[PDB]
RNA sequence: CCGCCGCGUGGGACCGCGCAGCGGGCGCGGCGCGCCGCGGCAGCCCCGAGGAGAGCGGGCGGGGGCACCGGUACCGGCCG
């Protein structure tokens, strides 16, 4: 129920010639360009994953002004066990914070599979994570690394940066 | 202030244990035993230790057990 959703829905209705979205989030970047994150419901992420590179390209080409990213919305629970007083309810591991952040990171760059992760602990600077991408693909993704860092920082307060190795 | 392996409040890093869905309606103030939509949930498996065990393939070796079998030599006997 906001302007962006109206035109993106119209777009989607134009593209076919069955799948719907949950919400849309827009995150700012240092440059005037912004990012739009589309929250896909979990059961159909794979439905929006097969041919989604074309989908994002067409969406960007229709309404310019900021890049489009597709991610799923996952829930995080804050207790390993829940004590109802009589028995105990165990939290599934899929609902942890560490798993969710890793899945988000994979989803942000879904077409390109992450090759490694490292976190550095400088003497004074806040610890930061740096990930490693395939050396084959670069110029395709070189121009969208600041946006990736910004969106990852927004969703998860953890900061990061990108390189190729 | 000083004879406490017990009692209460707090913290909860470290050390060890938690198999048996949830939420709403019937339903009484609350809790149970039950009856109901699944119509509300992302319903319900960390990874796979230069730990271990099991498996396939490859060659390696005076490793083990059973039967079988050759060769001089020591000894004894016999022909010359």
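Rundown of residues vs (1) over 18 Å from the mean Cα position of the chain (by Cα); (2) surrounded by 12 or more Cβ atoms within 10 Å (Cβ to Cβ), yes/no style:
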| residue | (1), (2) |
| --- | --- |
| A:1 | yes, no |
| A:13 | yes, no |
| A:21 | no, yes |
| A:30 | yes, no |
| A:47 | no, yes |
| A:51 | no, no |
The lone condition residue A:40 fails out of (1) touching a helix residue (DSSP H, G or I) at 6+ places or on another chain (Cβ under 8 Å); (2) within 17 Å of residue A:9 (Cβ to Cβ); (3) within 16 Å of RNA strand B (Cβ to nearest atom) is (1)
Result of the Cβ filter at 9 Å on segment A:65-91, keeping first residues that are closer than 17 Å to residue A:109 by Cβ and partners that are part of a loop (DSSP other than H, G, I, E, B) and near RNA strand B (Cβ under 8 Å from one of its atoms), at least 6 apart or interchain, is A:72/A:41
Wholly inside segment A:75-159, strands (runs of 3 or more DSSP E) that include 1 or more residues that are in contact with a strand residue (DSSP E or B) (Cβ under 9 Å, 6 or more places away or on another chain) and within 16 Å of RNA strand B (Cβ to nearest atom) are A:81-83, A:88-90, A:116-120
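Does residue A:72 satisfy the condition of being closer than 26 Å to residue A:49 by Cα and either within 16 Å of RNA strand B (Cβ to nearest atom) or surrounded by 11 or more Cβ atoms within 10 Å (Cβ to Cβ) (or both)?
yes
Because the Cβ atoms are built from the backbone with ideal geometry, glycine has one as well, and the counts that use them run over all protein chains shown. FYI, it's all coordinate maths here, none of it is from the lab.
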